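Engineer: Experimental structure and sequence below, a few questions after.
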Amino acid sequence: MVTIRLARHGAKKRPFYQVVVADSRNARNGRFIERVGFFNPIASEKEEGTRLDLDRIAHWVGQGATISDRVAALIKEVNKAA
Amino acid sequence: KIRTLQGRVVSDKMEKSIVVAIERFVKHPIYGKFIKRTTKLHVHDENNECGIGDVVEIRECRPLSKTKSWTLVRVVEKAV
Amino acid sequence: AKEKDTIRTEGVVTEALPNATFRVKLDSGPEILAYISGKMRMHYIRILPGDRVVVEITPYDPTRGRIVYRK
Amino acid sequence: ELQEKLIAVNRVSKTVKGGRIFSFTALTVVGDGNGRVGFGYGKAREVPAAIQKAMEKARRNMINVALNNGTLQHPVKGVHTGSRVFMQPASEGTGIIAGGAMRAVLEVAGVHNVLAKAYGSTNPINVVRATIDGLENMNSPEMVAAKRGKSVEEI
Amino acid sequence: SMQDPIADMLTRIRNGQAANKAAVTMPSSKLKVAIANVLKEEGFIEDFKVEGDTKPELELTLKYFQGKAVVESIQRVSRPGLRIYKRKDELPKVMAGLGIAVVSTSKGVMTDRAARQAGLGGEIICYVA
Amino acid sequence: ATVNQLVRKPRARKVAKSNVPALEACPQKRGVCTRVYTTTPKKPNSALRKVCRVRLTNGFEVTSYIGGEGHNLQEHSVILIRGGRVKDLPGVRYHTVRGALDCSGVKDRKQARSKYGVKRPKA
Amino acid sequence: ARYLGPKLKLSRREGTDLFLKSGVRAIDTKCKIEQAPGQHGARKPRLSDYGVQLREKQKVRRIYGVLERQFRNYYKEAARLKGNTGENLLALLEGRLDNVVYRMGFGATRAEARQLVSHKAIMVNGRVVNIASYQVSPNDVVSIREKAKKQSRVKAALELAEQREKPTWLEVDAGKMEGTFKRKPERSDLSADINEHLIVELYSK
RNA sequence: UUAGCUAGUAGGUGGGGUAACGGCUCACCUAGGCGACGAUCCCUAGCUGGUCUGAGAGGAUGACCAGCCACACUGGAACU
RNA sequence: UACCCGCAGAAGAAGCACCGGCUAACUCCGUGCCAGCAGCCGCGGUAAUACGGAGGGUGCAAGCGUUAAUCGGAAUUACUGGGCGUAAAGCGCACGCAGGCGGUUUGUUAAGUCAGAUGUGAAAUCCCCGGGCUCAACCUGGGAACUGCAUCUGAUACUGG
């Protein structure tokens, strides 16, 4: 079905994830429906590192989109941050 | 919301069908001259009320035959 | 550098081809296309179709030779 | 303070009983770096006499061009024999981007920022001839105002 | 035949001007009269008149300055063989604004400057400097 | 000239005809030596220039220059050819790559060695 | 990747002192400064227009110790940047760390300063920077790190520095062996017998 | 240095058919339909975002990344 | 692993093409229209800066040259932006269908043209200002741009009906 997950861009040894809503069958870095956040695991954390349009994430869940283990974590982490 | 085309009847021979030609001017992509282009459409004319040479208003609809996806809305001018 | 496999064998002018060109038949074995040496042409020295002449032959192409000695 | 530039030197030849007589030609431009440009062309048996005759010609036979803060008023086309010429007022910082023949003319003229290009024959004597005349016929925001009989904003 | 009378108008101006003529005259037309209006209003000619009713002859009084013609160049742009239309944001300007382009709009004939300021595009009739 | 005319018959750029068709847009080609000989050049030059006829892996058969002073090439020598005409030798449109395959380097070269397939001399 | 050969040759070819030695010596007592290198140095070059453009670009490159590829890329960036390209080229050069290290007097030459950089003797903002071409920014503080502070090269380097004209845009504390890149140098800060527009001309044709 | 092409052909009625409109299919009827605004035939080719070049307009191009299509030894076929 | 500290010693780390003009860089010796060079012109028969070696020099540099290949310069297919008396180019001449173009006025229409609004023009790429890897390549935030298409509503001078 439709799922919200991380498409891994960035460079070798320097991962950078683009959070995307997509048909789960399409390849990880392939066709998606909507971009909805990003996630830098290598951010200096002096400034940002994790940004989620929670309004559109929820909208898609409301219509049955599932959510990665890793995005489900980010959302709990970001909800905690503020 | 009534999208529509206007053109003239080049053939009225077929039973309940007609051939309509839509002509327009178009800027030439390279040399800038404005050129005549024509689009011929097989259109539905239930009742065959459209005569050749008539100017008619037509609309797009579902497939009616291998080549007909348009039907008549109404005649505008006739028998020049 | 300039290798040294050149030779100076002699022969006799056979044909009087075009543009200072000749059939020159080597006293040795056959004849070659033989063209007139620059020097020689610069100092003119016409060359009749039947003269004893010296040829410079590169083993690279025995088939050809340059006329060195005028007569 | 006048600026003078040697554009091209060339050897021509004249034939007589005895053989060929060789001589030289020189094409130069002088300019005041502030809107005045002349070009000269001299001939002589030796090169120095030729490069010198030309400067002499270049100093007189000089004309004025209505510059605009070191750049041109409007794009301009110039033509002379083989050479079709084209120039544009560029923004500040660019400098003169142009062929040798034109650069020398524009430099000594005081045209600080321009886009130029020569089409057809790049024969230097006719290229410069075509540039000078281009700059010369180049009219000014004030003269068009004078012409049209109005000192509107366009003044 | 006489298939572009506007080029004809441009040219009669250009040639009489080159010939240091005091005036030029041509068969009239609203469209010519609309262009003559712009020329006069922008100071490229003195004045103009149309005379007669059934076969109107239009007359343009030319203009000279330093024993020079005020009109330096005058060229047809759009033409029967190649119509040229521009949008408001595409309107050419002649001599970096020193000259003018005559433009025909839904609101009648005016200069590039005018049409620009009035948010319009149109058929580019000619350039004048 | 007319717009109308161009609208009926567009501008049509001429397609460039190549000067080394036997290469078929390859940087070099391999081939067997068919004949190995000398030939004389055109006005105003004069020499015995080393050339070879070479049947290439793609069927083409061409004449190719053997540059440098001295070479040890014969029939059935397998060589590598590259583009490059010999100007005073009409017909000759390729050069042999010295020091590739069966073609040896030029003997005793010190300057421009890499254009003649010559290793750097121990020194 | 670095020019390693004789240095005064370069000065001699360009017709000027390129500061490739400390300055302890009048350069004319170390070489025939006013004569090009080689058999035909006395010969004069009746030098083409292309020639003067080439030599000027070489001059600047040889001053800063930059090879062609990097220097061309410097031109590209100067061009892309806003404002006068010629001046932008010199800002970029003058912002290099090996350069700045030299101007604060930590190195007798840009070559020596570069070695200081490469050999992890220089810090920027208390952080080790060891690549010569590191672009230094306004308000940065470059310093000799503690362990490199007792190197006698550095003391000598600071002495000579004190005898050169003192650059405006740098605040140097000789005691601490730290210094501050206050601002980008203006054009007016840099020598006036550099002809950038020639270099700009060379790279536009 | 290809000018004519077309019998399921173009349309109509009705039955059948598909997940669905449809000559998709069949019978009957009308004689149409396409074409110099290039049909038919012949050669070549996956299309695009874009890539390279060029001041631009253009020219050339369609690896790597992404979107669509098509194929899975060759030709054909359907089953789930 | 990145990165940080320590040890040993300049220690293990420089080649390639070019120097007649175009084109930055010149001399000697060898050869003698030979051997050979050659992108174009063109070098070589006794002073060859053009061949080959040397010394010197110029340009690049972990590369440097040669070949192949696209575009550029090429306004040399010219829409922007060319030509046809003698340079390549007016059909030997006329009539004429299709086609292109068409004098002047009014009204009408509103297809061309013009304006506005709305939707769409995937992301990446390009560009701008920032952020992150010691810098850079590279990665990345936001923007701008996608100059296009379509629908609706208007304007009516010009073109078309």
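Structural biologist: Sure thing, it's come through. Numbers count the residues shown, from 1 in each chain, chains lettered A, B, ... in the order given.

Engineer: And the residue in chain F that RNA strand I sits nearest to, how far from chain G?
Structural biologist: Using C-beta to the nearest atom of the strand, the single residue of chain F nearest to RNA strand I is residue F:83, 2.3 Å away. All C-beta spots, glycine's among them, are computed from the backbone N, C-alpha and C. Per C-beta to the nearest C-beta, to the nearest Å, residue F:83 is found 28 Å from chain G.

Engineer: That residue - nearest residue in space that isn't next to it in sequence?
Structural biologist: residue F:20 (4.1 Å; C-beta to C-beta, 6 or more residues apart in numbering or on different chains).

Engineer: and the closest residue to RNA strand H within chain D, backbone torsions?
Structural biologist: Nearest to RNA strand H, among the residues of chain D, is residue D:117, at 7.4 Å (C-beta to the nearest atom of the strand). In this entry, residue D:117 is assigned phi and psi values of phi -160, psi 140 (degrees, to the nearest 10).

Engineer: what about it, neighbour count?
Structural biologist: Residue D:117 is flanked by 13 other residues according to other C-beta atoms under 10 Å in any protein chain shown.

Engineer: From what I see, it and residue D:84 are in contact.
Structural biologist: No - counting by C-beta atoms under 8 Å, residue D:117 stays clear of residue D:84, with 9.3 Å between them.

Engineer: In three-state terms, label residue B:25 for me.
Structural biologist: Secondary structure for residue B:25, judged by DSSP: H, G, I helix; E, B strand; the rest coil, is strand.

Engineer: what's the helix or strand for the residue in chain A sticking out farthest from the centre?
Structural biologist: The C-alpha centroid of chain A is most remote from residue A:46, which lies 20.8 Å away (C-alpha atoms, centre = their mean). According to DSSP states H and E, residue A:46 maps onto no helix or strand at all.

Engineer: need the contact list for residue G:16.
Structural biologist: G:59, G:193 (C-beta atoms under 8 Å, 6 or more residues apart in numbering or on different chains).

Engineer: Next up, the contacts around residue G:108.
Structural biologist: Residue G:108 touches G:21, G:22, G:23, G:153, G:156, G:157, G:160, counting by C-beta under 8 Å, 6+ apart.

Engineer: Report the contact partners of the residue sitting nearest the centre point of chain G.
Structural biologist: Nearest to the mean C-alpha position of chain G, by C-alpha atoms, centre = their mean, lies residue G:64 at 3.3 Å. Residues in contact with residue G:64 (C-beta under 8 Å, 6+ apart) are G:93, G:96, G:99, G:110.

Engineer: In a markdown table, list the residues you listed along with secondary structure and neighbour count.
Structural biologist: Output for the contacts of residue G:64, formatted as a markdown table (DSSP: H, G, I helix; E, B strand; the rest coil; neighbours: other C-beta atoms under 10 Å in any protein chain shown):
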| residue | secondary structure | neighbour count |
| --- | --- | --- |
| G:93 | helix | 20 |
| G:96 | strand | 25 |
| G:99 | helix | 23 |
| G:110 | helix | 22 |
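
Engineer: Which part of chain D gets nearest to chain E, residue-wise?
Structural biologist: Nearest to chain E, among the residues of chain D, is residue D:148, at 3.4 Å (C-beta to the nearest C-beta).

Engineer: Next one: that residue relative to chain C, how far apart?
Structural biologist: From residue D:148 to chain C the distance is 74 Å (C-beta to the nearest C-beta).

Engineer: which non-adjacent residue is nearest that residue?
Structural biologist: residue E:43 (3.4 Å).
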